[PDB]
Protein chains: 2
Amino acid sequence: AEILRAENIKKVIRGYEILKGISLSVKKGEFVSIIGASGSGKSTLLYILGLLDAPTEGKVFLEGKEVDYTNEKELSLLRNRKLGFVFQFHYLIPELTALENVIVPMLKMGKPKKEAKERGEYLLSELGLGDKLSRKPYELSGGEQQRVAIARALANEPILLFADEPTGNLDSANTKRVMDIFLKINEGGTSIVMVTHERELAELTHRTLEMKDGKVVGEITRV
Amino acid sequence: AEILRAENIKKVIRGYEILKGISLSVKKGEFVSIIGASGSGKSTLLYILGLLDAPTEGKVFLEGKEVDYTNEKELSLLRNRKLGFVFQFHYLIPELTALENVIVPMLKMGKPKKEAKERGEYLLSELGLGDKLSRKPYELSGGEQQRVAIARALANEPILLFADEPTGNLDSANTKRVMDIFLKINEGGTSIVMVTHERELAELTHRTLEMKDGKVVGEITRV
Ligand SMILES: O=S([O-])[O-]
């Protein structure tokens with residue numbers, strides 16, 4: 001069962017072709033990693049696969065259905081319902097508690113606050129933050145902040161989780177903790193597409209796509 | 001006096017304030033560094049200051065004149081004629097030789113090819129590439145590729161040069177060489193605004209603006 005498909009993706013910025021024609025497909029349950037050096041365009045690709053930015057050319061299919069870029073508000077809602085994001089930076093709202101930050105995507109779906117908070121507590125508890133539900137971002141360490149972002153990414157049980165160097169700001173201890181969380185999330189059936197410049201992290205995934213100068217130049221499959 | 005000034009600059013992306021209100025000034029001839037880590041928003045700020053992206057709120061003044069971000073034509077004219085850019089990646093055109101790569105912005109400005117090549121040859125020679133004018137990017141090392149990018153940045157004798165972690169992809173030897181080039185360029189009278197996360201690089205500049213969570217939180221004056 002294919003969960004995501006990108007066809008002939010190109011991205012041009014100021015006349016420069018960042019992505020030169022990329023096609024790929026992700027199957028349900030796969031943990032994919034995308035690596036590459038400077039100029040690879042790996043993050044630009046991730047933003048397009050995640051429906052954050054529209055490509056210059058090409059199409060994206062989510063669960064077999066072609067994405068409609070005309071209706072941007074509907075696309076934002078589709079993103080919120082089916083996809084989760086974990087960037088290098090936590091992007092937590094400073095005024096909101098850990099729990100309030102996690103329920104944001106749920107409220108966008110029109111979920112009652114009562115039930116949203118119950119699931120939010122569940123998610124935070126599973127990620128080891130059950131005792132810090134009312135803590136605001138300024139009261140959390142880097143590793144805890146990233147875990148709140150992960151809980152938020154899982155808010156609406158996404159079919160796909162996109163991660164852009166999720167452990168970039170973390171020390172070795174939190175890097176292992178976060179990767180283990182991702183492995184557990186994947187074991188739970190959630191597909192993951194993760195960009196990273198760390199081969200050691202890529203080696204823990206099912207498939208690694210290597211990019212160079214806006215093209216996928218190779219792939220290594222580890223079952 | 002004032003070569004660049006930004007007032008109340010804010011940048012919002014998908015409802016999140018990447019830049020929460022920034023005001024700063026760069027004196028003519030000054031070499032300023034902006035340092036910050038993840039979440040600082042330093043690169044986003046650089047793109048706005050360099051006219052590559054528009055702010056959500058605020059104004060930018062170049063040479064005392066307010067920039068009109070709604071005028072694409074003027075914006076393109078300003079970037080090409082008054083500014084120079086050096087990113088972590090070289091962004092060279094693979095099909096073009098070093099000299100051809102350097103003269104592109106000159107030809108865009110209407111400069112005669114003969115005169116353009118004369119200046120391009122001068123710039124490349126000054127940057128230690130006088131014997132590699134006909135070499136294409138694939139024939140050059142990463143360090144040499146960046147020097148071509150610096151020559152291109154100086155093509156139209158910009159009054160202000162923007163650099164985003166220009167030595168991030170370079171080893172120690174090349175990083176030192178490139179920084180010496182920037183110091184030499186500033187010694188020539190060209191103003192430079194460089195974003196970096198390296199304290200060592202910032203220490204070589206006249207003044208440093210420290211950023212955190214989309215705000216300028218400190219300033220260090222060394223002269
Ligand atoms: O910017 S997205 O994660 O809502």
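Chain letters run A, B, ... following the sequence lines, proteins first and then strands; every chain starts at 1. Atom set for the values below is all heavy atoms of this structure, side chains included, hydrogens, waters and symmetry mates excluded. First listed ligand is number 1; within each ligand, the first listed atom is number 1.
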Expected contact list for ligand 1 at under 4.0 angstrom, heavy-atom basis, is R14(B)
Taking every heavy atom of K11(A) against every heavy atom of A54(A), the minimum-distance pair comes out as NZ-O, 3.1 Å
Separation between CD (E219(B)) and CD1 (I34(B)), nearest 0.5 Å, reads 11.0 Å
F87(B) meets the ring-ring contact (aromatic ring centres under 6.0 Å, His included) criterion, sequence neighbours left out, with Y47(B), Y91(B)
Given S38(A) and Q88(B), is the side chain to side chain donor-acceptor pair (under 3.5 Å) satisfied, shown in steps? CA-CA 7 Å; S38(A) 184; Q88(B) 196 171 319; 4.7 Å; no
Begin with the C-alpha distance, continue with both residues' side-chain angles, and end with the deciding distance and a verdict on side chain to side chain contact (heavy atoms under 4.5 Å, CB included) for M194(B) and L201(B).
CA-CA 9 Å; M194(B) 175 178 77; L201(B) 299 186; 4.1 Å; yes
- For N169(A) and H90(A), what are the C-alpha separation, side-chain angles and deciding distance, and is it a side chain to side chain donor-acceptor pair (under 3.5 Å)? CA-CA 9 Å; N169(A) 294 161; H90(A) 56 70; over 6 Å; no
